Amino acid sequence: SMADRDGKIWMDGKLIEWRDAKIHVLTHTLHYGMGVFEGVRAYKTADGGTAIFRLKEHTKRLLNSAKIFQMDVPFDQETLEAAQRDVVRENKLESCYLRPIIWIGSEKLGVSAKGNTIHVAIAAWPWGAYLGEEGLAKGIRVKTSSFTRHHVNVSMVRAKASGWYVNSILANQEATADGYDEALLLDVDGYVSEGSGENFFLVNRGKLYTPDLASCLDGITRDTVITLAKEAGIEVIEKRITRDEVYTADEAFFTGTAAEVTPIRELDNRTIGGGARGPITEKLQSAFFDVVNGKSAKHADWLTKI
């Protein structure tokens, strides 16, 4: 149980006991879905310390998400960054996942959010076993969802919002119920957008391709991989991608804070390339894990020591 645990949660300005982090059922966000959250990793680094990965960019996006919804957050970025470090430190955590969430309180329950408190909470918990290059060598099997990805003037897709993930859950459940590892979603035009919670990449003829920044979230892992790709001399192309363009690709993979860099060996029971992790995916995977493990000089400023 996530609720019944010893530990500390940061809530509305103070560290409180984990179990005391509670709200009433007539909370606006529970009923109407307007809330925003982040997903952030901390890694044990090669020198023995713990560092949060791209803390600044994640916290900037968190506040930008609230700003999209015109949610006045009673804390600045500097405060929230320190608070996230606090949560990791006081829970005696090393390799872990941080979940900041900002939501709308229980003062009034009309559609209008006007007059409700804007709450902020930050919790963290241990990550599972470290996978790395060795643990993420076998690709996963993906299914194209029959549910369509968010429309960009119905949902604000640059916001990492609570309400958006009903779509993700429906897509993810469709895939796993028929034995697949994850879903891949097409946008309203039938072009590949992203996974249920991950951005999508393919490789063809030594070049890295990814859907243009249209209906998908502006992933921080996505941005990380694109930067590492260019730095390694690999050309990156953003374009509209069809599903059969994926079927015929040399390699493919997912990126996300939780997913890191995860190879896709199969889509809709079409084997991707040779069916193993491809060489470009491997290269980017190693560049990625070198960065998050603090074995990279070029990107030291992406790690925040606890």
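So that there is no doubt, residue numbering starts at 1 and follows the sequence shown.
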> Which of the two stretches, 180-188 or 122-130, shows the higher mean Cα temperature factor in the record?
Replying inline: 122-130
> Of the two stretches 269-277 and 66-74, which shows the higher Cα B-factor on average in the entry?
Replying inline: 269-277
> Taking the values straight from the PDB record, which of 135, 211, 219, 105 has the highest C-alpha temperature factor?
Replying inline: 135
>> Between 224, 148, 172, 112, which one tops the list for Cα B-factor in this entry?
In response: 112
> Which third, lowest, middle or highest, does the CA B-factor of residue 167 fall in along this chain?
Replying inline: lowest
>> Among the modelled residues of this chain, does the Cα B factor of residue 258 put it in the lowest, middle or highest third?
In response: middle
>> How does the C-alpha B factor of residue 44 compare with the rest of the chain: lowest, middle or highest third?
In response: highest
> Looking at the C-alpha B-factor of residue 27, is it in the lowest, middle or highest third of its chain?
Replying inline: lowest
> Which third of the chain does residue 161 land in by C-alpha B-factor: lowest, middle or highest?
Replying inline: lowest
